[PDB]
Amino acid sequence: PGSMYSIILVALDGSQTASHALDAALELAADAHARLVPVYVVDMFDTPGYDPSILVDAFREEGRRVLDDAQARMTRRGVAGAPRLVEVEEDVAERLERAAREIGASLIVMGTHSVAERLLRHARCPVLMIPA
């Protein structure tokens, strides 16, 4: 198989439709004999009393669970690659583009039913939309 689809990126957030997108990205990765790289985006207020560190630990912990499940799915299907935890500074769309650049992804897979509209309007890299 060529390199145009050698490395596939799929954005996860724990939602059902994102999980649905993962199953689609996996199936594509297995069919095209490609590497899959699931990413969980941690997208984190400045106020008296408020402590953002509580939610940072939370979504990171949630990311661990989500990415571990993604890894488990990949292992069973025999699909190579390793899930990444990504954190925005940025907006989610750009962070996904930065992740794609640094990982070397030639394709971004997303679950849909705005960030998708962003990535499409950007047109910086091939994007695959999977509806719920």
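Numbering starts at 1 and follows the sequence shown.
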When you step from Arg121 to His122 in this entry, do you jump over none, 1 to 3, 4 to 9, or 10 or more residues of the deposited sequence that have no coordinates? none
Looking at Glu89 and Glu90, the deposited sequence has unmodelled residues in between totalling 1 to 3
Please compare 54-62 with 92-100 and name the stretch with the higher mean C-alpha B-factor in the deposited structure. 92-100
Do the CA atoms of 45-53 or those of 72-80 have the higher mean B-factor in the entry? 45-53
Using the temperature factors in the entry, find which of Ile8, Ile130, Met4, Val127 has the highest value at its Cα atom. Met4
